[PDB]
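Only one structure is covered here, and it is reproduced in the block below.
In this analysis, Cβ positions are derived from the backbone assuming ideal geometry, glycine residues included, and neighbour counts consider all displayed protein chains. Coordinate-derived values only; no laboratory data.
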Amino acid sequence: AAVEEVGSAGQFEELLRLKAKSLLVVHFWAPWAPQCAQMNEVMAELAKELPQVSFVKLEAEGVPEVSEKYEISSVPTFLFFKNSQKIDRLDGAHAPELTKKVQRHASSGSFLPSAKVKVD
């Protein structure tokens, strides 16, 4: 859905395995948090610019065993994974910084030189 939702520890474990050879960005989110509404929109734009990268969301309160493992006490928290290892983290709704970390970890050539903007 641009940003697929992971609904259980089992699905998360499988996802990490499936996506081992590429970058995976996980937005730990809450459906009541305006921070996360802002950042889901950012994640959807990233997802279009970087189809090599997997962008998913996981409801922190809905999968609490995963949240506890990864020390998720607030949302948004973004975790970055390659080969089932956490390689980076961002706490809070900081759009430019999310994008900077994604660009740092994404492969060279993963994006075109420009992105279309909506000017209204």
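Couple of notes before you dig in:
- Of every Cα-Cα pair in the chain, the percent that sits beyond 18 Å: 48
- Separation between Cα centres of the range 65-90 and the range 28-62, rounded to whole Å: 13
- Between helix 34-49 and the chain: long-axis angle, C-alpha atoms, 0 to 90°, nearest 10: 50
- Loop trypsin sites (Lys or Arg not before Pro), the range 52-116, which have at most 12 other Cβ atoms in a 10 Å radius of their Cβ (DSSP): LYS116
- In plain terms, the chain is cut at each of the GluC sites (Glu not before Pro) found in a DSSP loop with at most 13 other Cβ atoms within 10 Å, and the longest leftover piece is 1-60.
- Length released on extending from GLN103 to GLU61, taking residue separation times 0.36 nm less the Cα-Cα span: 12.3 nm
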